[PDB]
Amino acid sequence: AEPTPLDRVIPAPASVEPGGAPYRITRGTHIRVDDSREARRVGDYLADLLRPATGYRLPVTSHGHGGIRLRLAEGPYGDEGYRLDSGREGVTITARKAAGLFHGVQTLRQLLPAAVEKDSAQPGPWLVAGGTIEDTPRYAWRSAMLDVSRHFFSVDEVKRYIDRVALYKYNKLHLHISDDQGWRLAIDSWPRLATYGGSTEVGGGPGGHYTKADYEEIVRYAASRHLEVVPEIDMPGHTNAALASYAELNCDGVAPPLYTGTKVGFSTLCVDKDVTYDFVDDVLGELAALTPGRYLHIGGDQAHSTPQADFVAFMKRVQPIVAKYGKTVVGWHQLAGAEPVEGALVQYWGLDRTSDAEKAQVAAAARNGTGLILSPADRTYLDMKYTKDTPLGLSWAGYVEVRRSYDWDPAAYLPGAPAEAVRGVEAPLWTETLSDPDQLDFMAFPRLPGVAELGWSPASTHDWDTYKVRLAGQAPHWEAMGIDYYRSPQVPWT
Ligand SMILES: CC1=[NH+][C@H]2[C@@H](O1)O[C@H](CO)[C@@H](O)[C@@H]2O
């Protein structure tokens, strides 16, 4: 009978001005896109979302009057923002670019009743609160990571996770496609990596890998949901799958057995063998050809078997290879202490218990111009248990309930780091313990939207007490969408 309030959206929109009567979507509603082919793709995506639960035809049309209009226009919304106007006559989403229209659609779906997400016809009514939202993002780096190395996830399961992150306006998908327990991408020049290095996973199950066509399909689908794919080939540590596949990559020339455990820090590429850099060049060159995004993530975490000076020598030689293939380096924050090249970004995954000296090394790099991606392990690691009783996940970084994950400020977080060095945030989901897509959802939700809100919303909107009510408001939508989630006692679920 009553619309959801115009402000009950995550991320919190930059500006919300409620007023006037709601729009009611009915069988006469059309989706109008004018003559833009870019807007027509967004219109078709919206019609796909709405047709099952409404049962309405919802034709996507160039001309029309009233109804839902998606309009590309010059305006003050940048590359990702939009304005959404709703009243008795219709709803109009205006933006500079298709990504902004797409973000406005993600808001519109949160404004609609939870039953709109159902996959068969529902009664409605389909109300959208009256007023105007004007919305633009705080940070440009708003990313979610999936580890498909520890347990492998199929192309369709990666698409499903893309659809989860698209709900909350993430714009980057970091795929961790190599580790000790699996190598997940076909490399034509090193064909044993995928067939043998991809042949298993944590726990000894059958593993799998993406053919180049599978990977292209993941990239294409991600782009259709306005996610830029950031692939990671972790080096020089976390390389057992590669080392097990090619004896010659090992310092002693002996291939180790495939690894199906969960320990870390034991593996290393051979920093002083020429073949090591031919291998990296070949692999990063093939990956670049599949990567229309700007970045290649070279990892750099837990190289505990690589002495410091060898780690530095290795990264000095590898960073220029990323440049050669026309991309920007991203590494885990161990790179900060190993001469990051100009323009390289580092991903901070430390926690409150990380040494002060280690924090200061990252802060010094930031002060020196190195951009920071924040993903603290005791804040935004979605594989981290909520409490001691969580049946999945890890607790190496302690326990991370919903409020802990949300309630901090990226601009005022790492001591000594300039706020302008912070490019944004990431919510990584590591998979030592997760082996099916429902377990992924149970650990991703309900913290995933909170990290998206950190990336997107203005600092002035940040407030746990009001955010938790917006978060409780998502639960019926997730139930209609088939998403399992942790029902935290911190959140006032209805
Ligand atoms: C960057 C980073 N290195 C470690 C750490 O994060 O924790 C993950 C599990 O939470 C683990 O899988 C990974 O090897």
# chains A, B, ... in the order shown; residues from 1 in each chain; ligands from 1

$ residues_near_ligand --ligand "ligand 1" --cutoff "10 Å" --atoms "only C-alpha atoms and all ligand atoms" --output "NGL selection string"
:A and (147 or 149-150 or 179-180 or 234 or 237-238 or 262-265 or 299-303 or 331-334 or 347-350 or 375-378 or 381-385 or 393-397 or 428-433)

$ write_last_selection --atoms "C-alpha atoms" --output "short mmCIF file (atom, residue, chain, number, x, y, z; two decimals), in the first residue's frame"
data_model
loop_
_atom_site.label_atom_id
_atom_site.label_comp_id
_atom_site.auth_asym_id
_atom_site.auth_seq_id
_atom_site.Cartn_x
_atom_site.Cartn_y
_atom_site.Cartn_z
CA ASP A 147 39.29 -16.60 -5.06
CA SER A 149 42.08 -20.89 -6.90
CA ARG A 150 41.38 -22.52 -3.50
CA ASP A 179 47.49 -19.92 -6.10
CA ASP A 180 49.16 -22.95 -4.50
CA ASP A 234 50.00 -14.01 -7.65
CA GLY A 237 54.75 -16.53 -3.64
CA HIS A 238 51.47 -18.55 -3.84
CA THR A 262 45.41 -24.59 3.15
CA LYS A 263 48.83 -23.56 4.47
CA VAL A 264 50.62 -20.45 3.09
CA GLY A 265 54.11 -18.97 2.47
CA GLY A 299 49.97 -10.33 -5.99
CA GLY A 300 53.09 -10.26 -3.82
CA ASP A 301 51.55 -11.48 -0.57
CA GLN A 302 53.12 -14.10 1.77
CA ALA A 303 56.28 -14.73 -0.25
CA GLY A 331 50.02 -5.63 -5.83
CA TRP A 332 49.28 -6.56 -2.20
CA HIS A 333 50.86 -4.02 0.15
CA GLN A 334 54.13 -6.06 0.50
CA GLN A 347 46.24 -3.17 -1.81
CA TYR A 348 46.43 -2.95 1.98
CA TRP A 349 45.22 -6.11 3.69
CA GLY A 350 46.58 -5.47 7.13
CA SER A 375 40.88 -4.07 2.22
CA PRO A 376 41.79 -4.58 5.84
CA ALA A 377 41.61 -8.21 6.88
CA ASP A 378 39.75 -7.38 10.10
CA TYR A 381 37.53 -9.95 4.27
CA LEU A 382 34.29 -11.74 3.67
CA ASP A 383 35.87 -15.15 4.51
CA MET A 384 36.45 -13.91 8.09
CA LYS A 385 34.06 -15.54 10.64
CA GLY A 393 35.43 -18.99 7.17
CA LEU A 394 38.65 -18.24 9.01
CA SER A 395 39.50 -16.25 12.16
CA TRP A 396 43.16 -15.45 11.70
CA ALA A 397 42.33 -11.74 11.62
CA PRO A 428 37.86 -9.95 -0.85
CA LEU A 429 36.26 -13.38 -0.57
CA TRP A 430 38.91 -16.11 -0.11
CA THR A 431 37.82 -19.71 -0.58
CA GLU A 432 39.93 -22.10 1.57
CA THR A 433 36.64 -23.09 3.29
#

$ residues_around --residues "region 460-473 of chain A" --least-positions-apart "2" --cutoff "12 Å" --atoms "only C-alpha atoms" --output "PyMOL selection string"
chain A and resi 4-16+110-114+138+168+402-410+445-451+453-458+475-479+485-494

$ atom_distance --atom1 "CA of residue 354 (chain A)" --atom2 "CA of residue 413 (chain A)"
13.4 Å

$ closest_atom_pairs --of "region 386-446 of chain A" --to "region 140-143 of chain A" --cutoff "7 Å" --atoms "only C-alpha atoms" --output "CSV"
residue,atom,partner,partner_atom,distance
A:423,CA,A:141,CA,5.5
A:424,CA,A:141,CA,4.3
A:425,CA,A:142,CA,5.4
A:426,CA,A:143,CA,4.5
A:427,CA,A:143,CA,6.5

$ closest_residue --among "A:131, A:321, A:115, A:298" --to "residue 90 (chain A)" --atoms "only C-alpha atoms"
A:131

$ residues_around --residues "residue 287 (chain A)" --least-positions-apart "2" --cutoff "10 Å" --atoms "only C-alpha atoms" --output "VMD selection string"
chain A and resid 185 to 187 212 215 231 to 233 281 to 285 289 to 292 296 325

$ closest_residue --among "A:60, A:341, A:166, A:251" --to "residue 224 (chain A)" --atoms "only C-alpha atoms"
A:166
